[PDB]
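Undergrad: This structure is in structure tokens; I'll ask about it shortly.
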Amino acid sequence: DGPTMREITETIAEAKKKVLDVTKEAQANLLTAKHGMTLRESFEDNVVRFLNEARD
Amino acid sequence: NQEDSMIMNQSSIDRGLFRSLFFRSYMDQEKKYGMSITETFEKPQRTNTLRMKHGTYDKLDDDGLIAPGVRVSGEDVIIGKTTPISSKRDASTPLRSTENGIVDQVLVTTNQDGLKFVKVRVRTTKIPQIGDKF
Amino acid sequence: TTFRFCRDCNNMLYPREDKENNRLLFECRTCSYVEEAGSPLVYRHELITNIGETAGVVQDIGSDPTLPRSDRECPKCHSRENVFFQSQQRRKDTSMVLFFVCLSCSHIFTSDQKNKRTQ
Amino acid sequence: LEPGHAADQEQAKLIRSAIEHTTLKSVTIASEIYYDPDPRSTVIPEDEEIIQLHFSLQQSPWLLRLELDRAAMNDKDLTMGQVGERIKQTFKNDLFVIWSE
Amino acid sequence: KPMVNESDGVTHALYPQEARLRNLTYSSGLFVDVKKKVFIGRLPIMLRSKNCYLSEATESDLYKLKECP
Amino acid sequence: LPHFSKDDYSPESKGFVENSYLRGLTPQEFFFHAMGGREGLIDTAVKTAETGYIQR
Amino acid sequence: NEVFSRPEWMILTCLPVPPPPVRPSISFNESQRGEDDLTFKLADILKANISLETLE
Amino acid sequence: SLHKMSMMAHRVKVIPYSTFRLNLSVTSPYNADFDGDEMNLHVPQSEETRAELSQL
Amino acid sequence: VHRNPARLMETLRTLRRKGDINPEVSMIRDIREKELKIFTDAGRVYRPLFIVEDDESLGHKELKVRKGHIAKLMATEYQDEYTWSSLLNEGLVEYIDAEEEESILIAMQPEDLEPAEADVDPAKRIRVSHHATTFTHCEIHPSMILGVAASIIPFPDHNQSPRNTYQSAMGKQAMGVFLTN
Amino acid sequence: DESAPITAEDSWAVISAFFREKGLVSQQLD
Amino acid sequence: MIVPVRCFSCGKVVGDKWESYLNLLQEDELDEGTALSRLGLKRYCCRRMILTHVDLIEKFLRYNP
Amino acid sequence: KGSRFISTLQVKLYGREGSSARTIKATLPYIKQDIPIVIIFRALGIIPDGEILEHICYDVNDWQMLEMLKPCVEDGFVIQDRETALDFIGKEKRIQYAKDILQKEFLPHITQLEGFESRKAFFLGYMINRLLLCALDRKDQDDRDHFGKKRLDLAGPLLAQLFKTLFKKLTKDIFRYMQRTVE
DNA sequence: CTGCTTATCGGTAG
DNA sequence: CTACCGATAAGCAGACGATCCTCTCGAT
RNA sequence: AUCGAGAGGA
Ligand SMILES: [Mg+2]
Ligand SMILES: [Mg+2]
Ligand SMILES: [Zn+2]
Ligand SMILES: [Zn+2]
């Protein structure tokens, strides 16, 4: 549907901003680690999660 | 046309789609370190030796080489040669067990050492049939 | 832990004890040269290190084009020119933090709001 | 979990941290060695308190000095003393031993 | 430029297309000028290299030597 | 790849295809998407043996 | 087992020889020759075995 | 041949053209598809054998 | 070792690109580990790749190449003396390998990659940005990352990745004319 | 107009150019 | 390797149209598209037939004997 | 330019995290075993504890590293000379032996000639310096799959490794109708 | 992404 | 006190791999 | 026909 490609799109688009943010959050020592994992593991894990959910 | 088969306009084959050629060649030389043991192209018969092939020879002229427009097929002898051990041991190449076509061209030459040499091609046209791939 | 070698043999010196007037006593098994203590410091460990964060920071830095560039200020020098990148230690357990190097005062500055730093 | 101890969202924690292996190292920032031969006082400003204070309810000149992170000390169900009495119990009497509170 | 010596004979000039037919080797001759003019082998030639006569060859020249262009 | 700045953990960069097999991928998408199953292709011809030994 | 197996047996005495069936011939051929690999090592062996009937 | 299934008696039907022909719905167990897969046949020789196949 | 290795590269680079040092040779200055590697070895792979230096008067960072050259090079299409190689030498184009790629920034299309920053037909795919101002050589054309066989596929971008790899083993099992003769 | 920059399209000429001068197997000859 | 006589899919002779078509292109300065339409080809099974036939024979006459 | 003689030098950091005192050794061609560096450094003339560390650590605020080498230094003020580093390696018959190996197969590119000893020290410093950058995690593992540190060997180079291999034969079958000529 | 063999160390007996 | 025996720990070495298939090149 | 190397189909 034309206006679905407009929803679809933006839809990825708010996950771009969550990744971003979390990235920014993270870069600021802020982002918190997940019992037993690298805080870097949790940034990865959040993002990958944010975008699978987007695809979805 | 399922589970990736497909269905083909047999009329259009007929008009030519997807057809091809198909040639193959076969080859031959004379003898090894004989001063007295030298294979010889010929068109055979028996001579005292008599293993000679189950198939037909009658398509080969003396030289021992079919001729061009001849149609061969089946187990036909394409190239007669014999190899004399003490005597006339057939040794001679027939057309593939399965294959049939036509002679296309035949060549005769030779090697570094003055050696006899021969290469026969056969040609066949193959048409889109049932089981073929695409 | 900054230590020190003999003058006289450029080797390595070591340590004993001012028993006697209680103090410290470094010293070569190269000559017999000797020294009074730098500092009592004598061995450092660190297991959690900040000594590799900045790393190769180098006038040339500013031209290397693989280096991305940000919009900040450096705080001494006022410009908008920098160039940043994550901490160079290549530990697994490390801060996803940034570091900038300004371009006109080769000033180095940080992305981080919690941790305090001098480098 | 134990049977009624089913959701002490808390009783899980203990267990955690009842189980969850855990070295000095994990918490230890940096480990150092000064010659501070002078028991009764330090060479280092930062230690001075820590000196009025060890006697309320021999020794060598060579001080081993571990620093601890603020962190692992929160992340872990964690205590100096704990550390300490750990350190002290390993060794009993063969090392002498103190901290900041 | 590649040649070839048929037994009982001259040295032929060698042509890719020819060797392909008679099982010969498009290879060329190996000469060293050894001190106190001399050959020691041949050396298979990379067709369309610096020796392969087809390296300088025109289109029309090819077909001529029967060689696909 | 080298069309990208360094120390970049953003999406694009990190193999996030965003378009569809329909509108289509871009260069990087393609190439990434190519590491895709090479991994795939690979283990496949690797499952395939681990497997048939089991089975024996 | 006393009758079927015995350490001395375990070491060699006298070595069977396998008849043709197990290892024949021919070739391109006829009048020239020839053979599998036991026939050839089945020499190496009756080989050095005559070098030693010729010292002794 | 991983299952019993990859084996199995049929019922013959001669026909023109040169491909073994089969029913789709006997596909899985063999796990064929038809962009190429090739397949073998065997033929029993004993009146039992035959039984063995048609029965079991 | 070398102090002022900057003033050196430059020089290096003008010299391979003038033609006085071979164009093979690779020429990598890591800034930040303070090595400078020069490699002439043989067997290394390498390529495209065209060039960018800011090398502009009337504004910003550009490609050196130009409708000028391109258009004389075409020149040489209908005359069927401007050859690729002369591009090489007049420095529009350089050869890169692997190692050296590490220290550049390549741009993709060069277009819509460096004309300044100023609607979207919704069916075009989605490109990212421009984010980068550094470029030093811009890709010749992306399609070449492909090789002889895929280069033949109608559209493989709209296309799942291993499939394309299968057609590429098949393409070589196609029938047709292998040679005029 | 000579100076002016390029566009996409235009790169195919440049490719063209390479290829005429090296062909498909350079690598082996070279 | 020569134009075909008759289009595969459909039926129609075409083979008699090859030279005519290189002639409208080459000479009355026309787009294949027109040409085509102008030689009568209207279905694209049939268009297809010509817009491709690719005349490799022109090159194998190039070899001699 | 000049053979295929293959010649693998390694610098292993014996010792795991914490495991006692992290000593460094290395390895060499026709050899018995390994060698603490310090020696070998002694052996190329480099002798003073520290006129070495320069060869390796390049700046002097890097205690960390320094220290990291502190226990190597120790494995040798069991050897405070040039001729007894040469030593360590099986007298006059076997010192030769080693002033060889450290020209003839200990880092051959560089050179095999006489005097080109510090040329290598230095390198072996290098090595070592990346060998510690990498164990102090300020730098990353070396990637084995960068196209960049691989080559292809095309036809050239290969025609080429036979050509030398047979040109080597005609070459010396001939050092033989020749031995048997006398005339 | 080990089962076997060898070497070293802590224990028991003379 | 010293010697011998037993147990434990560490280091070094060994054999397998999809099924079935067609074909091509070359050699004592 | 043995024997060894690569290529290809599922
Ligand atoms: Mg299938
Ligand atoms: Mg299929
Ligand atoms: Zn001294
Ligand atoms: Zn039609």
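Numbering of chain C is taken from Swiss-Prot, so the residues present carry the numbers 2-120, in order.
Determined by X-ray crystallography, 3.5 Å, according to the entry header.
Cβ coordinates are placed from backbone N, Cα and C, and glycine is handled just like the others.
Annotation source Swiss-Prot lists Zn(2+) 1 binding site at C:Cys7, C:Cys10, C:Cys29, C:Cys32. Feature annotation from Swiss-Prot assigns Zn(2+) 2 binding site to C:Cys75, C:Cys78, C:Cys103, C:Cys106. Taken from Swiss-Prot, the feature phosphoserine covers C:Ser40. Under the heading zinc finger, Swiss-Prot lists C:7-32, C:71-111.
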Undergrad: According to DSSP, does C:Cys78 (Zn(2+) 2 binding site) sit in a helix, a strand, or coil?
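TA: DSSP assigns C:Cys78 (Zn(2+) 2 binding site) to coil.
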Undergrad: Go ahead and report the DSSP secondary structure tallies for the zinc finger (C:7-32): helix first, then strand, then coil.
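TA: Counting residues by DSSP class gives 0 helix, 13 strand, 13 coil.
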Undergrad: Output, ordered by sequence, the same-chain residues six or more apart from C:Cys75 (Zn(2+) 2 binding site) with a CB under 8 Å from its CB, or 'none'.
TA: C:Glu82, C:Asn83, C:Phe101, C:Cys103, C:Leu104, C:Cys106, C:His108, C:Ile109, C:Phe110
Undergrad: I'm trying to understand the geometry here, so how far is the Cα atom of C:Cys32 (Zn(2+) 1 binding site) from the Cα atom of C:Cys78 (Zn(2+) 2 binding site), in Å to the nearest whole number?
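TA: So the alpha carbons of C:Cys32 (Zn(2+) 1 binding site) and C:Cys78 (Zn(2+) 2 binding site) sit roughly 51 Å from each other.
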Undergrad: What's the CA to CA span in angstrom from C:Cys29 (Zn(2+) 1 binding site) over to C:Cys78 (Zn(2+) 2 binding site)?
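TA: Per the Cα atoms, C:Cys29 (Zn(2+) 1 binding site) and C:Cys78 (Zn(2+) 2 binding site) stand 47 Å apart.
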Undergrad: Report, as a single number, how many Cβ atoms besides its own are within 10 Å of the Cβ of C:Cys10 (Zn(2+) 1 binding site).
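TA: That number is 19.
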Undergrad: Give me the Cα-Cα distance between the residue listed as 'phosphoserine' and C:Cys7 (Zn(2+) 1 binding site), rounded to a whole Å.
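TA: The separation of the Cα atoms works out to 16 Å.
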Undergrad: Can you tell me which of C:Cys29, C:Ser40, C:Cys78, C:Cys106, our recorded positions, come within under 6 Å of ligand 3 at the Cβ?
TA: C:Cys29
Undergrad: Using all protein chains shown, find which of the binding-site residues C:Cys103, C:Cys106 scores highest when you count other CB atoms within 10 A of its CB.
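TA: Neighbour-count leader: C:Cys103.
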Undergrad: Near chain L by Cβ (under 8 Å): which of the recorded positions C:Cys29, C:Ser40, C:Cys75, C:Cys103?
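TA: From C:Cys29, C:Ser40, C:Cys75, C:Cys103, flagged as close to L: nothing.
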Undergrad: Counting only other Cβ atoms and using a 10 Å cut-off, which of the binding-site residues C:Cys29, C:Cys32 scores lowest?
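TA: Each of the binding-site residues C:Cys29, C:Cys32 was scored; lowest Cβ tally within 10 Å is C:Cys32.
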Undergrad: Could you name the residues, excluding C:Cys7, C:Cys10, C:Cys29, C:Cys32, of the same chain that surround the Zn(2+) 1 site, i.e. Cβ within 8 Å of the Cβ centre of those residues, in sequence order?
TA: C:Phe6, C:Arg8, C:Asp9, C:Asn11, C:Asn12, C:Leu14, C:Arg30, C:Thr31, C:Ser33, C:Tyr34
Undergrad: Could you measure between C:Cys78 (Zn(2+) 2 binding site) and C:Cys10 (Zn(2+) 1 binding site) for me? Cα positions, answer in whole angstrom.
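TA: Spelling it out, the Cα of C:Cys78 (Zn(2+) 2 binding site) and the Cα of C:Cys10 (Zn(2+) 1 binding site) are 46 Å apart.
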Undergrad: Out of C:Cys7, C:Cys78, which of these binding-site residues shows the lowest number of other CB atoms within 10 Å of its CB?
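TA: Output over binding-site residues C:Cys7, C:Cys78: least Cβ neighbours within 10 Å is C:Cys78.
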Undergrad: Report the DSSP secondary-structure composition of the zinc finger (C:71-111) as helix, strand and coil residue counts.
TA: 0 helix, 10 strand, 31 coil
Undergrad: Do the recorded positions C:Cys29, C:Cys32, C:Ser40, C:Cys75 include any whose Cβ comes within less than 8 Å of a Cβ in chain J, and which?
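TA: It is none; no candidate comes close enough.
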Undergrad: Under 8 Å Cβ-Cβ to anything in chain D: which of these binding-site residues pass, C:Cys10, C:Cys103, C:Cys106?
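TA: The answer is none, since no candidate qualifies.
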Undergrad: Sub-8 Å Cβ contact with chain H: please pick out which of the recorded positions C:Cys10, C:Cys29, C:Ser40, C:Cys75, C:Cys78 have it.
TA: none
